């Protein structure tokens, strides 16, 4: 339907919701990359993701979502699903491939570890959270199986980070969109939410701290928590 009056696309617009402990694990992903690359962007706090105008941007009716001017300015582009928002930002703004990958060999590993998160840990974690908190009935056997699957995903990330010189998931030398996608679901606070001892994956914990010490990541976590708690509650932030 008709867009809100304050929704204008002069630059990349990242769509988020009010910052809470449970609302920021996916929206933080594109924000980390925007902060890493220093991309000019606006923040739009969505009051209701069920709103018809928003389903025209993201048919899956969730944040994060992006509206942006196409390189030639002929079209308004959109990105939705948190992994797709990372792919878009990398494609449009990371022309060096510092986070997207510079060659076929780099991208091969980046896309392996990015897709592993997109297909396995990400959806498993979101099904765990749904059945644990959101489902009207509690199904403990389903929850236990999903928690078990999370430990297997942590085992895989741990095995990778135990390989000689492998400081990051995809590339030995530097973090990539694979690392950004994985971090919010592979840190101590999220491990504790799942009822897991994160010290049981030492190389994964080290990696999460290494990622956490990055200035862009610190800025992203600060800002995503604050969205919708400033002077403006909903709509285009200033």
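Numbering follows the first chain given and starts at 1.
- Averaging C-alpha B-factors over each stretch, which comes out higher, 130-138 or 110-118? Result: 130-138.
- Message: Tell me which stretch has the larger mean Cα B-factor in this entry, 152-160 or 78-86.
- Response: Of 78-86 and 152-160, the stretch with the higher C-alpha B-factor average is 152-160.
- Which of these, 59, 184, 64, 202, has its C-alpha atom at the highest B-factor, as the entry lists it? Across 59, 184, 64, 202, the entry lists the biggest C-alpha B-factor for 202.
- Is the Cα B-factor recorded for residue 227 in the lowest, middle or highest third of its chain? For residue 227, the deposited C-alpha B-factor lands in the highest third.
- Message: Quick check on the deposited entry: does the C-alpha B-factor of residue 29 sit in the lowest, middle or highest third of its chain?
- Response: Tercile = lowest for this residue's CA B-factor.
- Item | Chain-wide C-alpha B factor ranking for residue 94, given as lowest, middle or highest third | It belongs to the middle third of the chain when residues are ordered by C-alpha B-factor.
- Ordered by C-alpha B-factor within the chain, which third holds residue 189? Give me lowest, middle or highest, please. Middle third, going by the recorded CA B-factors of the chain.
- Task: Going by the recorded CA B-factors, say which third of the chain residue 35 sits in, lowest, middle or highest.
- Result: According to the entry, residue 35 has a C-alpha B-factor in the chain's middle third.
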